[PDB]
Every structure is written in C-alpha cells, then in structure tokens.
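Visitor: Supplied in structure tokens, the structure appears directly below.
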Amino acid sequence: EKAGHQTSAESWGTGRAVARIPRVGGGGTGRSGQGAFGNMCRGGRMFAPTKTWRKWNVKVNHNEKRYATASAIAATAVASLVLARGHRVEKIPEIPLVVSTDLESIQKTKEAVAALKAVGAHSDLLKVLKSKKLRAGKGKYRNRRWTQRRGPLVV
Amino acid sequence: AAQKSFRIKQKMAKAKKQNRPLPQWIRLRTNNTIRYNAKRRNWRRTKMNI
Amino acid sequence: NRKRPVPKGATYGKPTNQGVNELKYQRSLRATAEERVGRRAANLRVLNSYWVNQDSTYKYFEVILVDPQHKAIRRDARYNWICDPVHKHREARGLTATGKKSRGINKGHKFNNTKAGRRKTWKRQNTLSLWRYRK
Amino acid sequence: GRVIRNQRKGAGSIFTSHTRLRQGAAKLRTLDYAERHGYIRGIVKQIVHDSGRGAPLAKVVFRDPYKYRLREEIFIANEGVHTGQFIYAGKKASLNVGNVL
Amino acid sequence: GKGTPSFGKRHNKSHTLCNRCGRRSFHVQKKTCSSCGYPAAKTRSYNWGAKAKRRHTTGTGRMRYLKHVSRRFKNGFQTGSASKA
Amino acid sequence: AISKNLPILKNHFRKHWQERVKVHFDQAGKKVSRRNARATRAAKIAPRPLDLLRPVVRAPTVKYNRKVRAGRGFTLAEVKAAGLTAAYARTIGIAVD
Amino acid sequence: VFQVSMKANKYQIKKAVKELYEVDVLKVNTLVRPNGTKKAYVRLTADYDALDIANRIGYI
Amino acid sequence: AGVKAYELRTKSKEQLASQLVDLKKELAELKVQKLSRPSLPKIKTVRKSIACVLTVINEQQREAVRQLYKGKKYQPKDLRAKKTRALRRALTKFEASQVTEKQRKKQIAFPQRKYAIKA
RNA sequence: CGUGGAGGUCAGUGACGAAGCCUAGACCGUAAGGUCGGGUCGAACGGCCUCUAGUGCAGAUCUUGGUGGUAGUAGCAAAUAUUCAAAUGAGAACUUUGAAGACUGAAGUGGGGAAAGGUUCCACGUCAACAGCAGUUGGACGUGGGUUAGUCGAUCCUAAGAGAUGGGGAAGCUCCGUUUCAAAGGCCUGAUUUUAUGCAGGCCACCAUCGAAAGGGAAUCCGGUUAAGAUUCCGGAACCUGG
RNA sequence: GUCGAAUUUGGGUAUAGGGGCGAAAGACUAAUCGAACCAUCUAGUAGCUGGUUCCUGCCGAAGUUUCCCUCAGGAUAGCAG
RNA sequence: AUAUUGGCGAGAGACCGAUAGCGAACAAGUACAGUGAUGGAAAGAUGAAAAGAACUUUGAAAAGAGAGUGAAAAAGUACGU
RNA sequence: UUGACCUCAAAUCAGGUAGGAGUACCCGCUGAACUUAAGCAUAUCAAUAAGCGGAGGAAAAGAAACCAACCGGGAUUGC
RNA sequence: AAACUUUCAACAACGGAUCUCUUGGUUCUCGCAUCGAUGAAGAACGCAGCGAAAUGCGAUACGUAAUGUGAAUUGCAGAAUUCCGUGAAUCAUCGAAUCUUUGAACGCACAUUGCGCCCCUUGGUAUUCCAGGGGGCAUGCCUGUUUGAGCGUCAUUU
Ligand SMILES: [Zn+2]
C-alpha cells in the first residue's frame, strides 16, 4: 500500500520548462528532481493498485453443482468421450470398468499397480510417465515446475 | 582549528585510518564481490561535516 | 472549565471550532486528582478516591493507594489482584470507579454509544466485512 | 495585519531596561525599630552618577543596631547634601535638609 | 549581495555532535538536539516521520542484549549448565 | 450526478473505509482451529460431555413466543424440586441461573 | 619511546616503566598520535642508558 | 596449543594468578618481535590463553561467594537470577496460590466432580 | 489478431541446438499477423480447447536511461613577461639547476595567527584518472614518518544570559520562577590517645550549576637541533603553586 | 558618497512564522517573504488544459427544446446503436 | 470465543521478476545533499572448472601480432545473449 | 525531671519500586483542515489524521440500578 | 569522374534493450508471548598474522567458559598434533562469564575525554598534601529503623 508513495515529492509547476509531474526535492543524489507518484513514472505507483478485497471465490448453486457432477459421471461411461479426452481406452474391454472389491484392500503400491495393469490401464499409466515436461513460463520457479497428464480415477 | 577538542581529533583519527584502498587479498576470496573501496573520502572532494 | 490553549484565542478554522472559554474537559476533576497523585507515587496502585472538601478555587479529594511490593498485599489473596502487571496505572486508562463513569461504561440503552468502549464500538460498525463467498 | 510595535514591547526581549552600569536600586532605609522611636545617624560617603538617571545618588553609611557591621544605603541626593554630611533618619530627627523624618 | 558574497561568511557552526545519537544536530545555544531531543528523557520521534522512525528504531543497531532474549525464551530461561551428557 | 431512471442509492462510503476492511481469508483456517480446540478441550475433561445441560424455555417477543428454546440455567427453584442443591448441581455439568 | 594505553597518565607510565624494566625515570612526555593512540617519551636518568635496555628488551 | 580450562580448574588461587602473569610476560615479548617479523600468528594463542585463565579465575571467585551467601536471603544482585524484569516482579507460586479461608472451604466442599454421561 | 499467467490435451519441439536477435531471401492472410530458409546463439519453449489480466503506444513541455546535428564550432583574451643553456626522461613552452630580464614594493605576491578545514605537512616510489594546453611536476595516486608543556591555552571567575531544587500552573508533552509563602551547611580550634571520630565547645546565613582559546588570571627565557616539532625537545640559566 | 562618529567590525547572547524584527522599502527573517523551511493530512478539489496503446466489418449523429447563481458545465426531450 | 501493517517461528500463491517487486535481490536507509528538521540513489548474470592467456616478437609503456586454455575468446574480469 | 501520644522531619539508614524503548492490535485525553454540499457559514470529512498519557499477549467489557411487555428472557464478547 | 549527402547489406563500434534465470520482494494462512535501574533500545570509539566496509565482538575484544558433532579453515602465510581423541572447526548449541565511553543514565558537569566528597588499602620520612589499586555518593514514592522538632498535646516532681 505504501509502494510508490514513500517520498515527499511535489510538483514544480509551470515556468521551469518541465512537465508538471511531482518531483523529488533536495539535491546531491541523482534521484532529486525525478518524477514521482505517477503510473508513468519510474519507481512510482501503478494504476489501480491490486487489493485483497477483490473477489477470489465464486458461489455456485448447490443443485447446479450436483447437476454438473451427475453429467460428469455419465460422460465417463461414453467410450467416445473418454478417447476424445485422450485416455487410451482403445483396448479396454468395456466401460464402465468395474473391478472386484479386493482392490479396495490392497496395501502395497506394487500390487496396486499390477491390478491396474491387469484390467487395462497399462497404456494410460505409461501416458503419464512419458508426458513429464518442464513448464513453459515463469511458473517453473513459482513451485509449479513440472506438468504431466492425468491417469485413471479409481473410485 | 589548531586548538581542537578531543571528540573532533578522535573522529579525525578514525577517518584517517579509513582512508585506504582495498587489501589486495580481499579480491581473491571465494565468491568475492567487492572490487574497490566504495566509501573512500578525500579532503578536497567531500567534507566530513563533524 | 478548560480554557482552550490557543494563543490569543485564534483557532484557525471553522466557526464551530471557535469556542475558547466554555469548554468542559470530558474527564472529571476527581480523575485529574488520581492521575496527578499516581505520578507522584509511581510505585503504588491507585485503588479509589473520594471527596473531602471544596472551596471556590480548589476541590479536595483523598486517594487510596495500594503497595503491590508489600508482602501484606502480595499475600492476602483478597487484595493481591492489584499486583498483576495488567493493573498498571488504572487511573491513567480509566479503570478507576470515576474513570468508568466518564467513559460511559454501564448497561442499557442509555449507553449504546459506550457499553464496551467508544472507540471499539465505532470501529466495529464502521468496518467492511467481506467473506470468501460474498453474501 | 501584523503585531504592532507597542504590543512587542510587553514581551521584554529587546525592550528590557539597560541596567548594566546602574549603581543599585535607590531605596530608603528599612523602618525596623530605630526610625520609629528615635533616630539614627548616617554619613554621606559620596554622591555618584547613576547611568540612565538625571539625579545623582548619595551613598550613606549607617551602623547596624543589632550586629557589629557598617550597613550602607543608596539614597537619592537632595541638593545641598555634601560628602561628610551627617544624616539623621528617624522619628526624632530634626527638621534639617537630608533627614528622613 | 545575498548570494555568493554572503556565502563567504559561513564559519560559525550552529549544531555540534550530539552525545545520545551523535548526529551533529545538538544546538549550541538552545542546548538541545534537533534529532533525538537530548537532553530530554524521551527520544524525539513523530508519527508523521515514518521514515524518521524507521531510521533509528530497534534493530538498526547491534542489539547487544535483545538479540539473545528469544533464544533464552526458547529454552525456558534455564539456569545452570549442561551435565556433560 | 443525478441521471436517468434508477433507484436512489445510499452507499455509506464517504469515509476512509479502505482503512477498515475485513476479508475473511481465514474462514477455512479458523474452522480447523475451532475443531482442534474442541478436540483438545475434550481430552482435558476426558469423561465430561463438553457442555452443560441447559433448560427448555419459552421465547420472548410474541413474534417468537410460539417456540421453545434452550435457556441459560435451571432456576434455583427447579433444582431444589429435582432434589439437589445448586452448589452441587454446578459441579456435575448442570447450568444454573 | 613506547605506545602506551590511551587512559594511562604520566604517573602510571613512570611506575610501570620502573616495574617492567627496573629503571629510573627522569621525566615522561606524552602526546596523542594522529592515528588515535598515545606515545610516551620516557627519559631515563643518567645512571641507565636506554640503548643498553632497548636491545635487552629485544628491539634494535 | 594453549591452556585447557579443565586443567586450570585443578590449580589453586595463587597458581592461576602466577600463571596469568607469566602469560602477560610472554605476550609482551611477542608484540616486540611482531614489529620485526613480517607475520607472527602465534600471538593469537597466547592472547586466547590469557582469556582462558581469567575466565577460570573468575569462576573460582564467583563460586566461592555463592557458597558464602548460600542458605540466606539477600544475595548479591549479579549472583541471583536474571530472567526478565517483568518475570522478576511477578507473583511467586506461594503468593499466586493464596486462597482465602472462605474460598478454601468451598473448594473442598464442592469441587469439580469428574462425571460422565453414558448410562 | 497479438502478450503475461492458469486447468486440459498434442505419450508436441529441443544441447543432433529452445528462446531471443539480424536478414531491399521465400510463402499465406484485405488486415491485426502467421509460417519457412540463412546467420548469431545457448536451455528451455510451443499448436489446439477453455480460464484469468498490472494485456498492444508516436505523441501527454510524459518517466528513466542512452544517443545525435549543431561541432572539431563558441571558445580556452583581467591581474605588465618572459628569454638562453644544461640535467632528467621514450617524450620538455610548462619539471630541476644556472644565467638574464621583470613584478609584489613593508594599508606586500613578505612573516604569523583566530574561525573553518583535517593530514592538504614531510619523505620515497610514481602518471591510468585530476591540474578545461601539456606534464618527468603537484594540495594528484600508492606507501610511511611526523604534533613532546608545572610556566602557551582550556581547565578557574564572572558578563549579557541559560538553568535544576522548594513551590506553583498545565489533561499532558511540559511552563513560570533563581531565593522565591523551604526545617536548604562546613571551617577552624580543640577532646577520650578502648577508637574512631559521636561526643567538650565556639564561628557561620550567603546559598545548585552553566556561560569568554579576544574580558579577569599564579609562574620561562636564551642558544642549538628535524625531512617534517618546539616559549613543549637538548644545553644552560630562572620562577610559581602545593606539601 | 561618507571617512572620529546616530562610525566600522569579530565573538558571546536574546527575539521564531499570523510569529520576530524593522531610522518604514512590505524591507529582512540561510540565493526562499504581501506570511520561511520541513514532514504529514494528501493520489487535497479542479464545470479547465494535455494525453489516452491492435485489425477488419456493419450501422451512424449533434450543435436544437425546457429547467438550473444556467452562459467553457449539467439534467431533460430530440437525433444513433 | 474477539483484534493484531510490530516481534519471534513456520507453511503457502492463477502475485512481481532487476526502469518490475519493499526505497534497498548487492559493504541500502549505504554513497551523496542540507545548518537543521529531513531528503535519499545507482548498482544482479565470464566459464562446468580460472583452466584468468605460460612463451616469442614490436613498442619507453599501455597495449599489438602470434602462441596457448577452453565446448565456445562470435565467453578475456570494459566478461551470458 | 521523666515517659508517652499526635503531627512533622532527616539519614550514602535496611529492603524495594517508577521512569526509557517498542507501540500492528488495546484503554483514555486532545483535536483539525483539505474534501462534499456543484457557492457557503450548520452539516460532512470525523467524535478521523497529527499531538499527549497508560497496558498486555491480548486489551477492554463482564456476571443487570439489563432487555422486555411476551406463555417473558437472563454476565460479557464476536459472527 | 571523385569527394560529400541519402538508402541498403555485411563486418566492426556505441549502448545495454530482448530472451532465459533469481539466496529478493509482496500477499495470505498457522503458532507463540519474550525489552529495561540485575541498566534496555540507540550512540561513540576500538578489537583480526595480513581488513576499508558488511557481519561479530568489548581491553578476556571476528571473541572466553560449558555442551553436541566429530577432522577441519582457506585468498596467502602459518600451525601441525588438533586426528583410535576430555578433540580441528569463520560448525551447531548456549544454561557460566567478560561486557570500553555513553545512553531512562543515577556524585556535580559535559562545544571540557572538566571538577569533586567518603571508606579500605599501597607508596612518597604523612589522619590533613600528592599519587597508584579497589569500593561508593540521583530523584520521587512505599514498608520498616534510628535520631530529632513543635506550650499540637497527656501524667508526676520541686
Ligand atoms: Zn541527539
């Protein structure tokens, strides 16, 4: 909130052959006489500085939230949509793919992966493995350094 | 002034000892950044204002 | 009254702020007594005070003081509450009986502006409360 | 407007009297016990010039009735008073020039 | 003659080095420092002087004693010495 | 200023309102704290039910007198009728008023 | 000629020079050097010679 | 090299005082030869050795006073606790836990009963 | 159409060369633009579907920074003035020495100080920058040396004045006041020679303190000495204060 | 011009901003004076001046009515999308 | 149960990316200005590793030309592009 | 003559205690104007900024000289 | 026809944009309560084998003691036994100390490294003078102690 305003700069007015922007006073610095307080000034304050009471979350009707979850569930049983999203279900026998309850009690990762490869998720687990790439911007060093695909959703 | 108080002469002594270039072994230290004495003073350039 | 300490009565403002003489100093005279005594003996704790006499010029009060360093006070749990650091200069902050009279600290509709603190009440109803899911 | 000059005189910054060369306050003796029952004899040591004052001042020496010392007073000179004149100050002093009846 | 010729008569220092802050702001004739208020008991500061408060506040110095209080708090103000464990 | 057909608005924003603005970013964080406090308090009073028994009571204000509501305390006459003393009832989790 | 502490006066310099080197001091002249230190000019009595104890101290 | 504190703690009051003086004699000589030799790093060890002896001497004298003032109130201020100015002015456990005889009777007659609600 | 970031996808491109930059080389679009080839380069970056914004410049005597024409131009002209030879150096109108000619002309361009400066003092080495030409020279640069007091000053006294205390105002920060409506102290003589000092006594009434390197004031002169210090060092000869 | 005095001047000291100081000019009060400098209120307000950043497509004005301490501005009807 | 632009200790972001983000990513409230209150900068990047150019030659010297190190001197402490 | 009591003093008397810093939040005092009102003085800005006094880990308030008018509720604080 | 001017390209300059980074900033959330007369925050001046600053420290001075780890520090020099260990280290931890001159700053002052009083002790043939070492001397207020003052006032005697 104090950015661009920690200075006592004042306008020089007209008659000095300079623009009427406020200027840092005093002398002997190399900063004295420079423009201040404007969005066009170096080291000034930006136009409409960002506030925290901007709206960050959005409220959606609860019944509309459930509407979209129902359609999302239904769209998971359409093999045309699943392929269109790129989920490598060409060799999958049938969808909805329902497996036995014994998957719910697997404790080790190696056994869990083997069950996934046995039912037809082999080509989709390799899809995520082969899709690891660096991010394409400054988000790399904002704790978002990597990106990859999304595999199956076990329920 | 020739007749001077002790505080002035004591600050004068400290300022005389700071009137020095960098030691030349400082530049060879690992990850050294300092290249010169950026706080050098001269009697003819800048006054102490003490 | 409290004469406004401006040189030659010049206030340099609007006419409503031109009063100099008949302004009344929201704190009581008894509060001024405990404050001036409380500075004289800073090792003590002001407990209460009462009226003894008055004339045209001065009003006279007696101040009750408690020593928080005396072992007869640090023991005797009925009185050792005054020894807590949260009770430093009760008269300065208006924690004395007359301090809460002037502060308006009381119960009811007649004290709506001052029931829990005037600054606290004003700041609470002059604040913009915004939630994550805007109401 | 601006504060006028006669208003600046009451602050007493550069309008205080110049009192560096003045001999002293020209006061009579103290009416203690001798001047109201009898008299006391003094002597005019000198007449001097007080800077800032038109009249000359007379330095008169009395004795202390209660201690062995030589209390000295500064009188405004009445003309005709000379050095070495005897001044009688008291209730029973005679009607003569320089006395303090 | 208020310009260059008048600037040649400047040899009488109005301020000298202070003892509380050592800033060369101690007025010789007022016997007061214009920065910290010496010899007054309180150090001069103001709320309109936000930069001024920032320039001499706690932490700008060595903190010869206060820099260790938090460590002594963490160990619960322990007394004695380690037992050669 | 005034302009085409619109309702007259009263936006009380002519003070330094931006100094006092509360945005509750901690709604989620403060809810975890509230539940952690209940979990920690429950252990300290480990057998006790974490709240006092409260009476049922008629509401005031004929707009609301048609309902009953949880009161504050059990009305010293009532605890005596129940066969116990208020000084003792306060010790076994009964709220007395 | 010694570099003495900046708190030591002429009395202390006399007693120390006698204590540390077992000599007699005729007079002590002290100046504060421009570098912020003190220099003592200790003149010995005619009985001793500073040359015979400068090399005894170890500097020559 | 240098002196070891665990060694110095065995020596007596006069042994350490004579030890300290000998270390001042040595460091005085090293300052003389430092003006001649280009570099004399040995002077640090003697300087640290001097500080170690004065530390052990100070501990012996301070601990002796602690025994002298043991088992009585009004010990020297630098010998007693330092914790905090506010902590030192606080009520003690005995003073904080003072209870009136009226409140003591109620605190044993009607304590908080550890009850439960299951059946 | 284009830019920063975000969710999904192309199991997209890439150290066998990403991005960026340059290219009167090529192609597509009315256009905002997109694609390709070549060079330079070194580590990340794109196509498509959506989401988000501190999202597109020729101007604002806009801000910060850099750069021209003017332009090798205006100009480097007050204070009488320089000349010859040698030495040094790579280099001499400017440095050193010698010779000659001049000036300040004792209310000086001489010899000292106060204020201010602070090491500029002196020496050795030395010319990248400074000395608006130049420079071997310098108040420049680098490295060291140098300031010695009983008698000179401060310190002490008071001046104009400043300012605690006792008090009295002021919400308070603080203001008035300097002896005021105050119970405001130590100096000499001595005495028990358990013994230190309370007692044997007498005296005393002002009254904090700060305020002058030109006011007042205890007392030092001569000769010699250093690269640079001297009424201070050395030699000799004196004086004051306290005991 | 004056040049032995209502002279010139050093140091110390006092007088501070609606205040000082002025043999008086609104002069001087640190190159600042018909009210100094500094920071903050303060991004003070401005019916007034200047500027306001990509392409293409379609449509396309007004300087007129009434009211206004209104006349360099607004509301209102009209014209346009 | 409530507040918390300070202190201490932590975890994060559809935030900024060296004319930005705090004035300050650096010996930053530093250099510097002002009598003073106060004002207040600029300034990040060789290379994986100095391996920071031995040696010859021209020059009084700075440096030049070779030679050499390096993946690259179209990276030479005036250093990524 | 002696001993009290009351009031008032002194001591480098024996133990303590206050002052300053920080001050985001807290309790008080004191207190504007810019600004809006298309001018402006009441009003507004604002019982705000600046200034002063005093705390803590929270502070304050707090167990009715309360709210109510109902079939009454029942300390304080916060949403 | 050259020179010169303008345009374009290549190479080289000037300048430091663009790209790619980032031990920094900003915002949100969570937890805790800990400055000072037992002398704080702040200041001045010093301290290293070779340092001007930053950081650290106080004449025990880039620090002493204690504990943990367990073989370094590093620009150069130096030291080696500190290497199967009460032990290296510009390490971590930190409970014992040191802590100059100051600062609310406290013997009086302070544009002065100025001027005192008291106790113990040492030297100068010294209870009085000078010097060295150690320890003290602010104000307000509170509880208590001792010594007092006031025909304020109570009993008993000549
Ligand atoms: Zn100061």
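By convention here, the chains of the structure tokens are called A, B, ... in the order presented, each chain's residues are numbered starting at 1, and ligands are numbered starting at 1 in the order presented.
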Please identify which residues in chain D DSSP calls strand (DSSP E) from the backbone, and express them as JSON, numbers by chain.
Guide: {"D": [39, 40, 41, 42, 43, 44, 45, 46, 47, 48, 49, 56, 57, 58, 59, 60, 61, 72, 73, 74, 75, 76, 86, 87, 88, 89, 90]}
Visitor: Can you spit out the residues from that selection as a compact mmCIF listing (two decimals), in the first residue's frame, using C-alpha atoms?
Guide:
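Wrote it out as selection_38.txt, contents follow:
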```txt
# COMPACT_ATOMS: atom_id res chain seq x y z
CA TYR D 39 16.75 58.46 65.11
CA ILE D 40 20.00 57.05 63.73
CA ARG D 41 22.98 59.00 62.41
CA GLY D 42 24.46 58.24 59.00
CA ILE D 43 27.26 59.75 56.93
CA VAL D 44 27.31 60.69 53.23
CA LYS D 45 30.34 58.87 51.83
CA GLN D 46 29.88 60.03 48.24
CA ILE D 47 27.49 61.42 45.64
CA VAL D 48 27.65 59.47 42.37
CA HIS D 49 26.15 59.47 38.89
CA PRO D 56 22.74 61.86 41.35
CA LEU D 57 22.74 59.18 44.03
CA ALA D 58 24.08 59.55 47.57
CA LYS D 59 25.84 56.68 49.35
CA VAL D 60 25.05 56.80 53.07
CA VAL D 61 26.59 54.54 55.73
CA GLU D 72 25.34 51.03 53.60
CA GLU D 73 22.32 52.51 51.83
CA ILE D 74 21.82 54.24 48.47
CA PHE D 75 19.83 57.46 48.76
CA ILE D 76 18.67 59.84 46.05
CA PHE D 86 25.63 63.65 58.87
CA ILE D 87 22.18 62.26 58.01
CA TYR D 88 19.72 61.63 60.84
CA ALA D 89 16.97 59.16 59.90
CA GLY D 90 14.24 58.61 62.45
```
Visitor: Between chain A and chain I, at 10 Å or less, what are the per-residue closest atom pairs and their distances in Å? Count only C-alpha atoms (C1' of nucleotides), order by chain and rising residue number, and return it as CSV.
Guide:
```
residue,atom,partner,partner_atom,distance
A:14,CA,I:61,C1',9.2
A:15,CA,I:61,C1',9.8
A:16,CA,I:61,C1',9.3
A:17,CA,I:61,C1',5.9
A:18,CA,I:61,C1',5.7
A:19,CA,I:61,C1',5.8
A:20,CA,I:61,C1',8.8
A:21,CA,I:62,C1',8.5
A:34,CA,I:63,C1',8.0
A:35,CA,I:63,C1',6.2
A:36,CA,I:63,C1',8.4
A:38,CA,I:63,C1',8.5
A:39,CA,I:63,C1',9.0
A:40,CA,I:63,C1',5.7
A:41,CA,I:63,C1',4.2
A:42,CA,I:63,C1',5.5
A:43,CA,I:64,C1',9.0
A:44,CA,I:63,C1',9.2
A:46,CA,I:54,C1',7.4
A:47,CA,I:54,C1',7.7
A:48,CA,I:54,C1',8.4
A:49,CA,I:54,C1',7.9
A:50,CA,I:54,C1',8.0
A:84,CA,I:9,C1',9.3
A:85,CA,I:9,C1',6.9
A:86,CA,I:9,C1',7.1
A:88,CA,I:11,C1',9.8
A:123,CA,I:11,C1',9.1
A:124,CA,I:11,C1',8.8
A:125,CA,I:11,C1',9.8
A:126,CA,I:11,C1',7.2
A:127,CA,I:11,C1',4.5
A:128,CA,I:11,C1',7.0
A:129,CA,I:11,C1',7.8
A:130,CA,I:11,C1',5.1
A:131,CA,I:11,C1',5.4
A:132,CA,I:11,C1',9.1
A:134,CA,I:44,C1',8.0
A:135,CA,I:45,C1',8.7
A:136,CA,I:45,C1',5.8
A:137,CA,I:5,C1',8.1
A:138,CA,I:5,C1',8.3
A:139,CA,I:5,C1',7.9
A:148,CA,I:11,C1',9.7
A:149,CA,I:9,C1',8.2
A:150,CA,I:8,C1',9.1
```
Visitor: Enumerate residues in contact with ligand 1: an atom-to-atom distance of at most 7 Å, counting only C-alpha atoms (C1' of nucleotides) and all ligand atoms. Format the result as a list in words.
Guide: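 The distance check yields residues 18, 19, 20, 21, 22, 23, 25, 26, 33, 34, 35, 36, 37 and 38 of chain E.
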Visitor: With 8 Å as the limit and counting only C-alpha atoms (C1' of nucleotides), what residues in chain C lie close to chain M? Please list them as a VMD selection string.
Guide: chain C and resid 40 to 44 67 70
Visitor: Keeping only N, CA and C atoms, take the residues you just selected and write them out as an mmCIF file, in the first residue's frame.
Guide:
```cif
data_model
loop_
_atom_site.group_PDB
_atom_site.id
_atom_site.type_symbol
_atom_site.label_atom_id
_atom_site.label_comp_id
_atom_site.auth_asym_id
_atom_site.auth_seq_id
_atom_site.Cartn_x
_atom_site.Cartn_y
_atom_site.Cartn_z
ATOM 1 N N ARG C 40 2.978 10.979 41.262
ATOM 2 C CA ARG C 40 3.826 11.281 42.409
ATOM 3 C C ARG C 40 4.373 10.006 43.034
ATOM 4 N N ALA C 41 3.502 9.033 43.282
ATOM 5 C CA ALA C 41 3.893 7.738 43.822
ATOM 6 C C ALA C 41 3.639 6.697 42.739
ATOM 7 N N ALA C 42 4.648 6.479 41.898
ATOM 8 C CA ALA C 42 4.510 5.533 40.800
ATOM 9 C C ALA C 42 4.703 4.095 41.248
ATOM 10 N N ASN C 43 5.246 3.882 42.446
ATOM 11 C CA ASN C 43 5.415 2.542 42.988
ATOM 12 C C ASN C 43 4.114 1.959 43.515
ATOM 13 N N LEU C 44 3.060 2.763 43.611
ATOM 14 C CA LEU C 44 1.801 2.348 44.201
ATOM 15 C C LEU C 44 0.760 2.109 43.112
ATOM 16 N N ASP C 67 0.169 -0.687 47.923
ATOM 17 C CA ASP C 67 1.536 -1.057 47.589
ATOM 18 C C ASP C 67 1.542 -2.471 47.029
ATOM 19 N N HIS C 70 4.455 -4.767 48.815
ATOM 20 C CA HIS C 70 4.380 -5.115 50.224
ATOM 21 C C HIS C 70 3.827 -6.525 50.374
#
```
Visitor: Restrict the distance test to only C-alpha atoms (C1' of nucleotides), flag each residue of chain J within 10 Å of chain F, and return the flagged residues as a PDB file with N, CA and C atoms (P, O5', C5', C4', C3', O3' and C1' of nucleotides), in the first residue's frame.
Guide:
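File written: result.pdb
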```
ATOM      1  P     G J  74     -20.957  18.639 -19.217  1.00  0.00           P
ATOM      2  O5'   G J  74     -22.241  18.742 -18.284  1.00  0.00           O
ATOM      3  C5'   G J  74     -23.007  17.599 -17.943  1.00  0.00           C
ATOM      4  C4'   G J  74     -23.904  17.889 -16.771  1.00  0.00           C
ATOM      5  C3'   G J  74     -25.336  17.396 -16.898  1.00  0.00           C
ATOM      6  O3'   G J  74     -25.483  16.035 -16.545  1.00  0.00           O
ATOM      7  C1'   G J  74     -25.347  19.653 -16.218  1.00  0.00           C
ATOM      8  P     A J  75     -26.173  15.013 -17.566  1.00  0.00           P
ATOM      9  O5'   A J  75     -27.715  15.078 -17.189  1.00  0.00           O
ATOM     10  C5'   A J  75     -28.161  14.717 -15.893  1.00  0.00           C
ATOM     11  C4'   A J  75     -29.460  15.397 -15.554  1.00  0.00           C
ATOM     12  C3'   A J  75     -30.617  15.126 -16.499  1.00  0.00           C
ATOM     13  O3'   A J  75     -31.275  13.903 -16.232  1.00  0.00           O
ATOM     14  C1'   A J  75     -30.456  17.443 -16.106  1.00  0.00           C
ATOM     15  P     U J  76     -31.734  12.960 -17.443  1.00  0.00           P
ATOM     16  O5'   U J  76     -32.785  13.844 -18.241  1.00  0.00           O
ATOM     17  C5'   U J  76     -34.067  14.111 -17.698  1.00  0.00           C
ATOM     18  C4'   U J  76     -34.847  15.058 -18.570  1.00  0.00           C
ATOM     19  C3'   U J  76     -35.054  14.625 -20.010  1.00  0.00           C
ATOM     20  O3'   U J  76     -36.097  13.678 -20.163  1.00  0.00           O
ATOM     21  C1'   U J  76     -34.357  16.876 -19.967  1.00  0.00           C
TER      22        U J  76
END
```
Visitor: Write out as a list in words the residues lying within 7 Å of range 33-44 of chain B, counting only C-alpha atoms (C1' of nucleotides) and excluding same-chain residues fewer than 2 positions away.
Guide: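 Everything that qualifies: residues 19, 21, 22, 27, 31, 46 and 47 of chain B; 31 of chain K; 52 of chain M.
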Visitor: Using only C-alpha atoms (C1' of nucleotides), which protein or nucleic acid residues come within 8 Å of residue 78 in chain D? Drop anything in the same chain fewer than 2 positions from it, and give the result as a PyMOL selection string.
Guide: chain D and resi 76+80-81+97-98
